[PDB]
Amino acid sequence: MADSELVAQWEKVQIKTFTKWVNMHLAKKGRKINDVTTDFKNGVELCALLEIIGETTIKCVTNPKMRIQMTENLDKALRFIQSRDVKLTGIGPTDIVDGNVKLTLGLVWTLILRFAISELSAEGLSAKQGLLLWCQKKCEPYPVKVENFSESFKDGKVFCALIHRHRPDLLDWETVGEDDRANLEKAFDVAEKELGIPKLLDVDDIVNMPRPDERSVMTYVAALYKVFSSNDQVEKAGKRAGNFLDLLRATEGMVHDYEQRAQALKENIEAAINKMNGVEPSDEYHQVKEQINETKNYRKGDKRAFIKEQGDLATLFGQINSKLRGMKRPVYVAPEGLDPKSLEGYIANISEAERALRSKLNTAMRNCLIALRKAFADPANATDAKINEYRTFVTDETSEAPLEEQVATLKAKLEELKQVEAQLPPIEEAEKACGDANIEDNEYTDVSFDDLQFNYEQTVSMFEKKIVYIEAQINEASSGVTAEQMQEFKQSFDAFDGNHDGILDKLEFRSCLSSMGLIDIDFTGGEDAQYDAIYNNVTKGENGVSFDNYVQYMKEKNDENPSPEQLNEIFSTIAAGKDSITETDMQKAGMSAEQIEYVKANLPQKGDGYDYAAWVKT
């Protein structure tokens, strides 16, 4: 009969915990019982416990005098119990009054089930088993087995499981799983101070006993169910889902922003490649420079922005994926061809498009450059060569032809070279072009434009000179001008003829004459009127100065000059016979001091006089 001590010990525990359960409710009305087996005998404490948990007015006798009134009290109380789905055919009021142990404890038992765990029953499952299923489901991750209401809860790691499964903030879990005194005390303490569940079970007489009482344990779990089921626990569970949903919702915002922007970037890179593939490399320099310059704006602007953006997105996609890795949720997969690895390839492309464009533009500029240099070099080299061929021709004097023919030949060859004059202003333009295009190296020619202009002018003037000199040779008999002499007239005349019309202007002629100093008249209140008349005298009409008129004048002025014999007479007459010319003779003759000085300077002296034999020598 050892299986008799265990039955008793349990009764001692089941009386403690069923008492601890009644006054937990009675307390809300200030009432209290000491022992369920003895304090329910008068009926009063049961009726008042029923009125608090059931919320109905039962007005029983507070001080029952006779066993009849105690019984009277219980019938009113038993009517209330029976009305709710409870079976009470077995028990009568007579024995609950007597204070019968197991029937009182069986009645306290029936009420508990109705008022704490009746909700659990599920068409094929008793109150005990539906509560057991509720324990079982809430303990799936935990290293406990929940198999009965005695053996399973002895350990007490199942009591801790029920609090951590519902509220992980109140008792941390991996600090559970060794001591049986500890984990229980911690759990009963947690339900007492923070859940408001009174310590209905003693910590010491569950650890001391081989198996705890099944009914006592069930009472506590039911109380635990009501607190965790409580409205406030639902509210706590609201805030928790809130926190989790909100993070996903901010993360929705993050995936939307990335999507809008990733698309944008893909589109923009695409736009750029169309532009780049589209542009066609110019033949013209200022255009190609402009095309080159264009690329530099992109490299400077957009290109920079496109790299940065792809960066930022690779950032965003990574960050977003971290957050879902963090939430234990599945990773974000970006729409086909908007993953960042895809995105990076797009950058690759426009980099590939740029490199192909500028290289294409590079050869353009190179080619353009070459063409520009040859646009001045090939003509100028053709032209330098032409003038030179004609230079050599006028330089050649091996001809054995008649002079009149040589003149005709010359003027004929002159025309050709004169024709060249028009090609000069195009080549000047082509050199200037090379200048604008910034080239300070030619490489195809040494020659310059100014060299061409100067060489041409010289060769043209060279022809003009040889023409006149052979024309004056032809004319020597006819007009008494030394061929040689004529050159000098042509030479002088040309060089004042400011235009090249071979006629001197009234202004233009005066300077020529003024140069040679033939106009003795100077200043005198500007007494150049004589010139008005001299101009007219020279030009018979003529409204300008003829080369022939010019020459006429000069021949006329030359005729005024005495011959050397005629010169001799003048001196003879000065000296009155003697060849020696004394200073006194000249002074008496009236000559200016300066004239005398020249005579002395220029004439060899014999004795007291100056001989003039050498001047007459010819």
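Residue positions are given as counts along the sequence shown, with the first one as 1.
For the two regions 566 to 574 and 587 to 595, the entry's Cα B-factors average higher over 566 to 574.
Higher mean CA B-factor, judged across 277 to 285 and 368 to 376 from the recorded values: 277 to 285. The entry lists C-alpha B-factors for 554, 27, 52, 58, and the highest of these is at 58.
Of the residues listed, 232, 151, 443, 257, the entry assigns the biggest Cα temperature factor to 151.
Sort the modelled residues of the chain by CA B factor and residue 102 lands in the highest third. In the deposited entry, the Cα temperature factor of residue 463 sits in the bottom third of values across the chain's modelled residues. Annotation for residue 421: C-alpha temperature factor in the lowest third relative to the rest of the modelled chain, per the entry. Among the modelled residues of its chain, residue 337 has a C-alpha B-factor that falls in the middle third according to the deposited record. When the CA B factors of the chain's modelled residues are split into thirds, the value for residue 480 lands in the lowest one.
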